[PDB]
Amino acid sequence: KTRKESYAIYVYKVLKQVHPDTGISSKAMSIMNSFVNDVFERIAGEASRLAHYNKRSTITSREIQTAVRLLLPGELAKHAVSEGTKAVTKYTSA
Amino acid sequence: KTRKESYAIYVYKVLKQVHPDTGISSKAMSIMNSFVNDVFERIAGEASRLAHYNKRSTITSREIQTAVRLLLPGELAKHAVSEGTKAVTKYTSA
Amino acid sequence: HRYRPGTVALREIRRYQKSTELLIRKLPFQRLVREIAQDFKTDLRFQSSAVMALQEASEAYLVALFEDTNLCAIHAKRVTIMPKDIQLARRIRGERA
Amino acid sequence: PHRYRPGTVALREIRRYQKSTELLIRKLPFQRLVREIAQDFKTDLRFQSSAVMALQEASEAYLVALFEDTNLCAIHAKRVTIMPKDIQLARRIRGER
Amino acid sequence: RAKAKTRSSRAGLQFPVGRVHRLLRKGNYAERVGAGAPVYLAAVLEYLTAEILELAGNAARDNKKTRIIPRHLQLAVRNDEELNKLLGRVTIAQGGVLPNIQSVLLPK
Amino acid sequence: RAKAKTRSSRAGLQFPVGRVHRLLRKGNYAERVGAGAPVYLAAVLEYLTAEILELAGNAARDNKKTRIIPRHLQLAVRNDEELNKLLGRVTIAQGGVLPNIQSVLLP
Amino acid sequence: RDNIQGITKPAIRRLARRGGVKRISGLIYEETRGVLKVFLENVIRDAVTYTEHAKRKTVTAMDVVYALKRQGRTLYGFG
Amino acid sequence: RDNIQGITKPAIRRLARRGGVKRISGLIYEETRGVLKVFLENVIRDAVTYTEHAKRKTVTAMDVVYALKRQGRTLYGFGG
DNA sequence: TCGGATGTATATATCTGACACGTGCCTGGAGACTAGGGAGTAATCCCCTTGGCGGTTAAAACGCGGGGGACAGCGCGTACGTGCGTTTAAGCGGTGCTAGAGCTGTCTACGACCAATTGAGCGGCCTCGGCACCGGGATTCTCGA
DNA sequence: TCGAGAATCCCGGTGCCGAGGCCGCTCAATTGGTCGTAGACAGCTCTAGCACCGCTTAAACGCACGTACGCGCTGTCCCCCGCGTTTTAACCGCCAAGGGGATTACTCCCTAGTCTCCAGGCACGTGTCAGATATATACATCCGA
């Protein structure tokens, strides 16, 4: 069979971080994979439009941050911006 | 100033073809330019999605035709497909 | 014994708002899907997943429409659901508008 | 002392304002409201005139369409007066509550 | 060389095939763009422009005007079923609305 | 060469920075993709996944269940004000509806 | 083929009970059948357009998912 | 700074007349002001986000057009 | 059922400013090639879709009695429409200043590209325990006294 | 308030199939260097956004009256609900056939890329003629009467 990639491994890692005893089923994992893909395409498309508006060829952390602020509602946007900024700072430090 | 291009002379050419005696205002021409850009973006984005779905790296007249079929309603799609096919055939023969 | 004309209806409301099953029979829905698809392309085949996705989407759409319809019926100081409520919900949503 | 019955001038106004395309909100109060709202997002903000004009066009179109939706809810309940409950039902069915 | 002929002349179009090709190539839609894609897209855009402009010119004639204004475009779009479906979530600036009063509100 | 270290480990994430970078670079989004864009996007995606999974696990525990089923995901999303706003035009298969009977319908 | 009559009155009543409806008029079933038919026609037309573009004779679940996402009705759980 | 009262009662009556409304309740005006404040808050938030991204101090008409397109409310005649 | 009176449409001047045309230039599209890889075209494999059959029984269809809700009058109070007089900022036209939007020139550092290497993730294979199912009794809601 | 009786729930055994863990291995991500251009930065410039300022005057505001409408109450009656019996076909467990989805190899033609060049389109400048703006007239409609 051909190799079809998904987010199941990372979703399960996050689940075991949050609820170490709780498991997940096949259909719930399909729903979670669909959710991750949907949000990825949303943020990436918004960032692509932002880069096109300002006449730039590069999608940067600024574009992703602005797209997250535009798309995510309220406190979700604030916490996601905190998470992304922390991750980029940690990555640049190392 | 700098050169800012628009579909102003082409909309005027089409208007002279359709109704040879009437004109158009600047706000109506702005609305027509916005309409052309909006529909261009809709069809081009649909064709881009269609090419991505089928794992093709080229946008061809088949992608444009299917995007027109999916986006335009009813008889609009049929007549637009007819016009596009006529144009492509005439271009290829010439 | 006989229950009054509203008790069993409320019991079924509680029962079907607690479950996640599909409420339309699968074979009639599949036949309807194939019959509708006959008008777009002849000699068509369907994956079981395709018909299952169509049924999930259709049932979700109908349940949401019935929620809006119930809101419209309650607006008119009624408890019975009527076709005009469906039409008002579909018009405000933007479907038949 | 000539007097029109209640509703005659209302229908006259309906026809007059459905026949025209002008903006029905005074421009300076709307500009002040827009600047006041934007003060909470960034200080010392400047606005192009076309930006405020675009905002007013969009706001007026939205409000007009919402009033057309509200009138249907008022008529559904067998009324001619639009009430805040009609606005609430219209915005709930639209998906804006 | 040779006398240059625009690709909108070879296709019998009043819309720019070359500019549409450039906008497709520099718009982040696909890695490659075919030769007939700009021609098809230009033909579709020209057809849509022509039909909306025909309806708008009819609306201008009905109002006894020699020029098209946004009101005529709005009347054309909202009076056509397919154009209204295509532009259902679109606001035309200074287009107004369609004259319509419900029957229950009429005096009787 | 030096021993390979994944970019997710450098960023401290469990979502793939390299795969997300490849998806951005092969998705027809821009001519170029910056070095911090995949890190930011992976962090945001992981945060959203963690939020939904936490709420769904709470629902599963409430129903005396060890496993998350689509019903628990629907219960988690529809009972959160912001997750319901994000997934507003989204249908979850086999999720059902929230129990909600209008007050006028009761005896 | 009158296969729209296979969506029976008890099935529509169950769909109404899940939606919270307590009392139902006798003319609701034909209206519901019409609404369902229109919705299915739109979705199936889009799905078949996707199917023919791919040069296929089988309608896949991904075609349905793309057709629904076009309609603004994203569905999770089928790809 | 109480600029929401500059959307007067006659203006709301006119906007209702263009919407085909014959009779209006007295509590409609406050509800309409709240609705308009919510709508304007959302659109202006998006437009100012677009302006901040461009490292600009002036909110342009394109920012408003993009902000409206984000909500699904495409507007013709102001650029895009 | 006819006379007033009110609001809106129509036809004729009359300026005016915006649209349509003409000109110079410049930059982007066309002409003429070259190079390489995307996809079109065969072939093959085997999966999963369609068609058929039988038995169970779950659900649907039909019918019947009755109660409760939809709907049509009927009345009453109030609150919204219409109109008039007073007040107030909106709109317009000019004026002055400067903040910042926009363009240009340098230059550098960051992302694309490429080549080699290896380990993370995916497909396939078990295995047991969480849950679906079965049965019985406790609990609770309903409804006729 | 109070008991039959019905429906949902809550405990105990069963067993079973899907989730979770393990193992190759393969390709996609990582590491280490160049290259060149995208964008960061500094400076100029010169729109256009902002802040008064005075005058009309159009619109907003406040009030008074009354009338049409919103809302509550009452009665009919018929339509929908609940329940019992019969009938139907959905569903489940197998079985068989083959169409078509999916993958692999080869090669050719089609698209990207580069240089030359010149003509299409854009910015500018200008005039005139649709159209906005009075103004008087002519009707179309509304409301007692």
Side-chain angles (χ1 to χ4, degrees), chain A residues 1-8 11 24-38 41, chain B residues 49-50 52-55 70, chain C residues 19-38 40-63, chain F residues 67-71 73-74 87 89-96, chain G residues 3 6-7 11 15 36-37 39-79:
Chain A
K1 187 175 86 180
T2 203
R3 282 184 184 181
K4 186 45 211 155
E5 49 164 50
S6 57
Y7 293 106
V11 167
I24 203 159
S25 61
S26 266
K27 304 248 94 190
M29 194 63 102
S30 296
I31 293 165
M32 284 309 297
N33 194 56
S34 306
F35 166 67
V36 179
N37 275 301
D38 184 32
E41 264 95 347
Chain B
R49 265 172 259 132
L50 266 176
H52 180 74
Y53 292 161
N54 301 282
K55 289 141 192 24
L70 280 152
Chain C
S19 81
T20 83
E21 69 201 61
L22 283 176
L23 300 174
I24 302 175
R25 298 280 145 263
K26 275 162 191 55
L27 272 198
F29 189 87
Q30 183 177 148
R31 291 191 307 246
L32 171 70
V33 155
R34 299 186 184 279
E35 165 196 302
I36 291 184
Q38 276 178 352
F40 308 115
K41 204 206 172 243
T42 188
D43 298 303
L44 259 186
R45 301 188 124 204
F46 279 88
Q47 298 190 345
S48 39
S49 345
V51 195
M52 276 343 275
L54 282 154
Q55 195 163 354
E56 300 267 1
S58 318
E59 291 217 9
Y61 171 84
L62 284 172
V63 167
Chain F
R67 280 197 221 123
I68 300 164
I69 58 171
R71 173 66 154 154
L73 290 172
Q74 164 100 338
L87 314 177
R89 315 300 160 182
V90 170
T91 301
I92 282 154
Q94 291 144 237
Chain G
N3 291 325
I7 282 74
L15 285 156
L36 178 59
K37 215 213 182 52
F39 174 82
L40 274 189
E41 286 169 14
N42 286 337
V43 185
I44 284 158
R45 181 195 312 124
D46 259 5
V48 173
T49 302
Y50 277 111
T51 305
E52 331 191 62
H53 182 75
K55 278 153 170 159
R56 272 183 326 239
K57 293 111 153 194
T58 300
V59 186
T60 61
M62 267 339 287
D63 293 345
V64 182
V65 163
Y66 299 151
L68 285 163
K69 190 190 143 198
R70 270 209 29 91
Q71 255 91 57
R73 292 191 209 283
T74 307
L75 175 84
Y76 286 1
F78 288 89

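Heavy-atom basis, side chains included; hydrogens, waters and symmetry copies ignored. Proteins come first, then strands; the chains are lettered A, B, ... in the order of their sequence lines, and each starts at number 1.
For the pair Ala47(G) and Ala67(G), the tightest heavy-atom approach, listed with the atom from each and the gap, is N-CB, 3.6 Å. For the pair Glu21(C) and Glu59(C), the tightest heavy-atom approach, listed with the atom from each and the gap, is O-OE1, 4.4 Å. Heavy atoms only, all atoms of each residue included: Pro70(F) and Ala28(A) are closest at CG-N, 4.0 Å. Closest of all the heavy-atom pairs between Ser58(C) and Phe29(C) is OG-CZ, 3.3 Å. For the residue pair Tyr7(A) and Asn33(A), the shortest heavy atom distance occurs at N-OD1, 2.8 Å. Heavy atoms only, all atoms of each residue included: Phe78(G) and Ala61(G) are closest at O-CB, 4.2 Å.
Residues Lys41(C) and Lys57(G) meet the side-chain proximity criterion, which asks for heavy atoms closer than 4.5 Å. A 4.5 Å side-chain heavy-atom check between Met32(A) and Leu73(F) finds at least one atom pair inside the cut-off. In this structure, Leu22(C) and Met52(C) have side chains that are in contact, with non-hydrogen atoms separated by less than 4.5 Å. Between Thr91(F) and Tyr61(C) there is no side-chain heavy-atom pair separated by less than 4.5 Å. Here the side chains of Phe35(A) and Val90(F) are not in contact, with every heavy-atom distance at 4.5 Å or above. With contacts defined as side-chain heavy-atom distances shorter than 4.5 Å, the pair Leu15(G)/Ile24(C) qualifies.
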Inset, instruction - Show your reasoning for whether side chain to side chain contact (heavy atoms under 4.5 Å, CB included) applies to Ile69(F) and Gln94(F). - result: CA-CA 9 Å; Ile69(F) 58 171; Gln94(F) 291 144 237; over 6 Å; no
Inset, instruction - Test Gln30(C) against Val33(C) for side chain to side chain contact (heavy atoms under 4.5 Å, CB included), laying out the working first. - result: CA-CA 5 Å; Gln30(C) 183 177 148; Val33(C) 155; 5.6 Å; no
Inset, instruction - Kindly indicate, with the supporting measurements, whether the criterion side chain to side chain contact (heavy atoms under 4.5 Å, CB included) is fulfilled by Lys37(G) and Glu35(C). - result: CA-CA 11 Å; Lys37(G) 215 213 182 52; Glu35(C) 165 196 302; 3.6 Å; yes
Inset, instruction - Apply the test side chain to side chain contact (heavy atoms under 4.5 Å, CB included) to residues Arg70(G) and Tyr50(G): give CA-CA distance (whole Å), side-chain angles for both, the deciding distance (0.1 Å), then the verdict. - result: CA-CA 11 Å; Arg70(G) 270 209 29 91; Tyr50(G) 277 111; 3.2 Å; yes
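Atom CG of residue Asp38(A) and atom OG1 of residue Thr74(G) lie 5.5 Å apart, to the nearest 0.5 angstrom. Note that CZ of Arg45(G) and CG of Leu40(G) are 11.5 Å apart. Values are rounded to the nearest 0.5 Å. Note that CG of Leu36(G) is 6.0 Å distant from CG of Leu32(C), once rounded to the nearest 0.5 Å. Atoms CZ and OG1, on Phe46(C) and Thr60(G) in that order, are 10.5 Å from each other to the nearest 0.5 Å. Taking OH of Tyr76(G) as the reference point, atom CG of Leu68(G) lies at 13.0 Å (rounded to 0.5 Å). Atom CZ of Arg56(G) is separated from atom CG of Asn54(B) by 7.0 Å, given to the nearest 0.5 angstrom.
The backbone N or O of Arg73(G) sits nowhere less than 3.5 Å from a side-chain atom of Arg89(F) that would complete a donor-acceptor pair.
A donor atom on one side chain and an acceptor atom on the other are not found under 3.5 Å apart for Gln38(C) and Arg34(C). Residues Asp46(G) and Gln71(G) bring a donor and an acceptor atom of their side chains to less than 3.5 Å of each other.
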